[PDB]
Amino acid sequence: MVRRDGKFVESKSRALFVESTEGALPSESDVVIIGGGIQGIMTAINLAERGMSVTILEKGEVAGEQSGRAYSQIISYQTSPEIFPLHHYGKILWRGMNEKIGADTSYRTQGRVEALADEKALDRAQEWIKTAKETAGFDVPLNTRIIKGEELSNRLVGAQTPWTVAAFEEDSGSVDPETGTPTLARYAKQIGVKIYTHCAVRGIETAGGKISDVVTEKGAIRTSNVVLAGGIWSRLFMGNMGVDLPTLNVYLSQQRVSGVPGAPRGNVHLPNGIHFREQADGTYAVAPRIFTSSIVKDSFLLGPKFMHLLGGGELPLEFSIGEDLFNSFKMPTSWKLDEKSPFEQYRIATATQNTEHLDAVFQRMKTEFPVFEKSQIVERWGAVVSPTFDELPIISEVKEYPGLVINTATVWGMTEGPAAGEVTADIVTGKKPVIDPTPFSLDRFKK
């Protein structure tokens, strides 16, 4: 039967609290950034370090939404050719991040073992590793290989299933999302970025093809350069300017369980639906296999491109239908800049957690690794993501509105954030980007 429990709700941040910059909004800024997630913040840092004045506006709290809620494995494994450099260089930048900011983001190089279920999986793993090893950029080699026997069994200590082979990304990363983006926000503030929380951006004023200001709920700020890094809210923001972003929301759930003696370390991914990541604080992040699509207005508006999230393919997908459906039609898609926007109602949006999903993955984890019988649940939460239909982010200028640049629509933003932040800064400043952004352009959606 069809579920009725998936719901979009207002919530609170689960990430470390970041104080707003003191005082009034500035009257002008060289660049204004909409959103205080990892993309807004990493973009701000790259621009500030180039000597520009930068202001971030955040309707709720820093890392209140996706960036504070992520499973947060930092990996390149099985990425496409267009995406791989973003992940490969993301990892490079993360490895230098604590040094850069003189603080601990919680980033750790920990390694990731993915058990492979059969020869077909093994074939696909070896094929990707072969090509990635040959094409790895930025004068840094890939450190991903196949392992087996004694080596694998000790990596997967106490495992009840006879796993024989696995892809091992030895330099995979981990960052605890409660810690990472907030600590980067603090660094941003130290280098002169101004961050104003509880401050929604309603829209952008422009004429003659030049942006003149952004309008917030607390006043306007003059600028000719704007970055929209609004996460799931980017589509809605752009719809009010007559531009369509093809993104569809998906609901997820996550948890933390306590560490136990004799548990495997680092990052484990098994094909029988078991995925955990040891955190810097001793607890384990645990991710269920499944996602839910709550049926809403945009499910019909974007459906043809998104059939892999709406019943086609064999992704682990569950439909849900409820209050969301009717609310999605009541959600305004345009508003004047002098009236209240939907951003001022859902300052810290999330989805209701699915307890059944979280219980099921944890039980599967206890069966496969009996030491976790003595582990208990530390924390549980829900989250919303909003990918494009083509497995590519939107990192692009907006031709219609010179001065506007978008950096959004990724489900790998923890990994990509540092790299995407630099690319976005390059687009803003007119520098030849560190990674060619053609594949991430809005041009791919025209005609």
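When you see a residue number, it is the position in the sequence shown, counting from 1.
The PDB entry reports B-factors from which the mean C-alpha value can be compared for 368-376 and 324-332; the larger average falls on 368-376. Between 56-64 and 383-391, it is 383-391 that carries the larger average Cα temperature factor according to the deposited entry.
The entry assigns its greatest Cα B factor, within the set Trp94, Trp163, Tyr187, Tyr71, to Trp163. Per the deposited record, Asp338 carries the highest C-alpha B-factor of all listed residues (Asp171, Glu99, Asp338, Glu178).
In the deposited entry, the Cα temperature factor of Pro304 places it in the middle third of its chain's modelled residues.
Per-chain ranking of the deposited C-alpha B factor places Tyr89 in the lowest third. Among the modelled residues of the chain, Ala285 sits in the middle third by CA temperature factor in this PDB entry. Looking at the C-alpha B-factors along this chain, the one for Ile221 belongs to the middle third. Compared with the other modelled residues of the chain, the Cα B-factor recorded for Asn249 ranks in the lowest third.
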